[PDB]
Structures are given as C-alpha cells and as structure tokens.
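Every heavy atom of this structure was used, including side-chain atoms; hydrogens, water molecules and symmetry mates were not. Heads up: numbering here begins at 1 and tracks the sequence.
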Amino acid sequence: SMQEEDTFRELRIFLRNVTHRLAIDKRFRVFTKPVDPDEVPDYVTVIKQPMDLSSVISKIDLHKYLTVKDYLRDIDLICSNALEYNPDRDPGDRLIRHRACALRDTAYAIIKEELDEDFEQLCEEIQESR
C-alpha cells in the first residue's frame, strides 16, 4: 500500500543517515569504498562477497533493505570480511580488525538508541507478508 511504501521510505531515510555518520568517521575510511585491485591484488582470493559503505548506500537507493536486519547483515559482512582478510597478529591487521569491530559496534549502538522497536517490527511484518 501507499502507507507501507511510506514506512519503507522512512527506513531508507534512517539508514542513509546512519550510513553517512559511519562514512564520515575517520576510523572507517578503509570501509568507505570497494577495495582497489591495484592497491591489494589478493583481496578477491580471500573475500567472496565484498561489501563497503558506498555499496550499502547504493543498495539503500535500490530499495534492497526492507528491514534494519537486512541492513545489519551487510554491516556485519563488512566487519566479518575485514576480520577474515586481516587474521594476523601484525599491527596493520590488528588496526583494521579494531576498526572493523568499532564500525559494527557503532552501527548497532546507533540503531539500539535511535530506531524505534515498533518501527522495526512493522517493517518486518510488511516484509513477512510479501
């Protein structure tokens, strides 16, 4: 219905705002764009489904997220990919891992504090009906 499309539009507005706040954080710059094959060549040997904040923005605008849970799966994918590609004790690895976990934690905390539980429940019920 029209009212359901208004609900998903509010979700998209909320998700763009959260994603923008993550994307301007200096700590998360490494997660703002896809990994350049020129820069690191072996990234696709390890990471089968790349995800980044620019791709998250594109998916919001393609109406790919109908619930915050769909969105958080892609945030979680950014994080789990980073931990997978940076498993070593080396400080470069440990820095990216720390930032990846901070990105995930920050996103979850913003959503816990700012997304109304009943709003998310509505999104899920509209989704479960299609």
Side-chain angles (χ1 to χ4, degrees), residues 1 3-25 27-38 40-93 95-130:
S1 72
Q3 271 145 220
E4 292 176 338
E5 296 314 312
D6 285 355
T7 296
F8 290 134
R9 188 169 180 255
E10 175 165 348
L11 177 63
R12 292 194 296 273
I13 292 164
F14 171 77
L15 293 181
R16 283 188 202 98
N17 175 259
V18 178
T19 308
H20 181 253
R21 282 147 74 187
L22 303 174
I24 69 192
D25 192 314
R27 298 176 290 171
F28 305 148
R29 187 182 101 190
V30 66
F31 309 120
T32 58
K33 293 177 313 175
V35 179
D36 184 14
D38 273 8
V40 316
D42 58 340
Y43 187 72
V44 199
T45 304
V46 187
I47 299 312
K48 292 316 170 207
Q49 191 181 3
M51 188 53 59
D52 67 275
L53 296 174
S54 72
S55 302
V56 164
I57 290 289
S58 296
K59 288 181 67 171
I60 296 172
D61 293 340
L62 294 166
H63 302 192
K64 299 286 186 163
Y65 303 122
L66 299 195
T67 74
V68 84
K69 276 173 190 184
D70 295 347
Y71 174 85
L72 284 174
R73 280 200 318 273
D74 272 347
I75 298 306
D76 283 328
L77 177 61
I78 295 179
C79 182
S80 65
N81 283 354
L83 305 186
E84 198 179 306
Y85 188 73
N86 297 273
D88 293 338
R89 64 92 45 208
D90 298 49
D93 294 51
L95 176 59
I96 300 305
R97 285 205 304 275
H98 191 267
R99 292 170 165 171
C101 287
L103 171 74
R104 187 202 53 211
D105 290 352
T106 298
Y108 272 86
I110 290 173
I111 283 156
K112 186 188 186 61
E113 196 167 76
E114 304 181 22
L115 193 60
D116 187 289
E117 280 182 294
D118 290 331
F119 180 87
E120 168 63 13
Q121 185 61 36
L122 175 59
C123 291
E124 296 183 18
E125 287 181 11
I126 305 176
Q127 184 193 43
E128 291 158 11
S129 89
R130 294 180 178 183

Can you name the nearest heavy-atom pair linking [X] to [Y], along with the distance?
| X | Y | value |
| --- | --- | --- |
| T32 | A23 | CG2-O, 3.6 Å |
| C79 | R104 | SG-NH1, 3.8 Å |
| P50 | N81 | CA-ND2, 3.7 Å |
| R97 | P87 | NH1-C, 3.4 Å |

(Q) Checking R12 against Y65 for the side-chain contact (heavy atoms from CB on, under 4.5 Å) test, could you report, in this order, the C-alpha distance in whole Å, the side-chain angles of both residues, the deciding distance, and whether it holds? (A) CA-CA 8 Å; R12 292 194 296 273; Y65 303 122; over 6 Å; no
Going by atom types alone, do [X] and [Y] pair a side-chain donor with an acceptor below 3.5 Å?
| X | Y | answer |
| --- | --- | --- |
| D42 | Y85 | yes |
| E125 | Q121 | yes |
| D70 | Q127 | yes |

Take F119 and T7 through the test side-chain contact (heavy atoms from CB on, under 4.5 Å) and record every step on the way to the result. CA-CA 8 Å; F119 180 87; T7 296; 4.0 Å; yes
Could you state the interatomic distance from [atom1] ([X]) to [atom2] ([Y]), rounded to the nearest 0.5 Å?
| X | Y | atom1 | atom2 | answer |
| --- | --- | --- | --- | --- |
| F31 | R99 | CZ | CZ | 7.5 Å |
| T67 | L15 | OG1 | CG | 9.0 Å |
| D93 | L83 | CG | CG | 10.5 Å |
| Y71 | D76 | OH | CG | 11.0 Å |
| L77 | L72 | CG | CG | 12.0 Å |
| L103 | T106 | CG | OG1 | 6.5 Å |

State plainly whether one hydrophobic cluster holds both [X] and [Y], where clusters connect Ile, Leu, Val, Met, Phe, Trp and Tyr through side-chain heavy atoms under 4.5 angstrom apart.
| X | Y | value |
| --- | --- | --- |
| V56 | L66 | no |
| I96 | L22 | yes |
| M51 | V44 | no |
| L115 | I75 | yes |

Practice problem: Go through the steps to decide whether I78 and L53 satisfy the test side-chain contact (heavy atoms from CB on, under 4.5 Å), and finish with yes or no. | Solution: CA-CA 8 Å; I78 295 179; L53 296 174; 3.8 Å; yes
If you count the non-hydrogen atoms of other residues, nucleotides and ligands that lie under 6.0 Å from [atom1] in [X], is the total more than 12?
| X | atom1 | value |
| --- | --- | --- |
| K48 | NZ | yes |
| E117 | CD | no |
| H20 | NE2 | no |

Please check if the side chain of [X] supplies one atom and the backbone of [Y] the other of a donor-acceptor pair under 3.5 Å.
| X | Y | answer |
| --- | --- | --- |
| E120 | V68 | yes |
| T19 | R16 | no |
| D116 | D118 | yes |

(request) Go through the structure and list residues passing side chain to side chain donor-acceptor pair (under 3.5 Å) with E10, not counting sequence neighbours. (result)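 Checked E10 against side chain to side chain donor-acceptor pair (under 3.5 Å); zero matches.
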